[PDB]
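Below you'll find only one chain, the form deposited in one PDB entry, shown as structure tokens.
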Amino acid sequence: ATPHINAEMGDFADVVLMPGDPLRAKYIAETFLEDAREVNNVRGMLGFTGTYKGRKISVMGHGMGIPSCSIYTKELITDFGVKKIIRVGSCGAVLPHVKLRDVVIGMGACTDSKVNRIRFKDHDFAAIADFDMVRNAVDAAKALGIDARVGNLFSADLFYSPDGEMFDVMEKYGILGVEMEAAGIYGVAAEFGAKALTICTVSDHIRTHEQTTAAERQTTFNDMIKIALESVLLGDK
């Protein structure tokens, strides 16, 4: 066990799906996994392990922000033998052609956090996903008839940023979605030699002011989860 995860080696599968909300992790375990059992509840950050189409899968919340998800992902890798992490979250869009409920895959993640500069001698570390994991997700999405855009995400430290101008810069550079964790997960994956991918569903649009309701959530949330789970099966080959 660790100070944040009260479990032991073996309680987690080698692949873990991670939404930011622990309550969504419970929803995933009960809705998509069979024989799911709770393997962690320290700080209410619920984690479960079950099977999907016979394959052992774990799902656990990671909390909001780079510092929060960096703790859980590092521990899962070094203390629980996890090889692959797939964040399945929500994000806001800044591009006019990116619509509410669209699925976006972060091949890369920009950030205003200082964590990768601390790791990389203050130079620019391109926080990227594992290529095969990205391709697997794109193919699974295609199989399910869901188009997914692949590109850069922006992982913000401040949900309430005092710099309103940054959103225009993000739009100019083609950022597909604004969230708060991808760059941190990719930094941890690179630091400890694991593989990661972040998939998000657009839950709010910064330009149109649109927002998903309770219902709109579960529906598009389900598509992203199916993409993630099926992408794992393609990955096993």
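The term rigid core refers to the most C-alpha atoms you can superpose between the two forms while keeping them within 1.5 Å. Only residues modelled in both forms are compared. The first residue of the shown sequence is 1; numbering continues from there.
Although it is not shown, the form deposited in another entry is what the next lines describe.
- With the rigid core aligned between this form and the one not shown, the listed residues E216, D11, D21, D223 include just one Cα displaced by at least 2 Å, namely that of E216.
- Panel note: the distance between the CA atoms of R149 and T219 is larger in that other deposited form than in this form, the difference being 3 Å or more.
- CA of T220 to CA of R149: farther apart by 3 Å or more in that other deposited form than in the shown form.
- Once the core is fitted, the segment that moves between this form and the one not shown, counting only runs of three or more residues with each CA displaced by at least 2 angstroms, is 212-220 alone.
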